[PDB]
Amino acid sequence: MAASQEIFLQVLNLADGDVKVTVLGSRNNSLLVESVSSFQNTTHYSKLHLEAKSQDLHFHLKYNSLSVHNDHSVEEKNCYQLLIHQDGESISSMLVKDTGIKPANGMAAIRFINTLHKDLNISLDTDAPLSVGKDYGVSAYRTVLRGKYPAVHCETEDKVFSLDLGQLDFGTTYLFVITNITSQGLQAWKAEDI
């Protein structure tokens, strides 16, 4: 997907307010400047130019008055998702690498990020459950039949929930961030890999 000394970056802002993102290179060079709204539901990707085949980029995040600096290592020819999340009264970021999954006739592919304090097991299919670890753990990708997933089984050490993953389309790789437990049950934010 991405070329030499190049990356694609998708910013997911899971904070309660807007965040201004400033990605910097090895010499105060602004590789990306973008403000993303709280749960901005966009399938938009930014191409970033690197100085080498591998680089540590500096992510400058602005949220309310607060400023947070996070470093994240990237590599050429790759696509990433920057998950900006709440860190108390402040915010923090995580960089998730995307695997390129060639479309499989009749199939979609899925992956989860667990923001809960308890580990999770998701029943997507007739095989093994999909494990997704507590405190921003990342699940494996699972190739699933295309279709509607209105009540996917989730379970912690002590409860079992339902998630509405909605329609999962062929030729699409999804990312689901398990945000909170409301009165209505478990909540999941849907995003699409590039």
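All residue numbers refer to positions in the sequence shown, first residue = 1.
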Do the CA atoms of 10 to 18 or those of 181 to 189 have the higher mean B-factor in the entry?
181 to 189
Using the B-factors recorded in the PDB entry, average over the C-alpha atoms of 136 to 144 and of 156 to 164, then report which stretch comes out higher.
156 to 164
Please work out which residue in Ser54, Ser38, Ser46, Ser131 has the highest C-alpha B-factor recorded for this crystal structure.
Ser38
Sorting by Cα B-factor within the chain, modelled residues only, which third would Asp119 end up in: lowest, middle or highest?
middle
Assert third(CA B-factor, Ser90) within chain per record equals highest
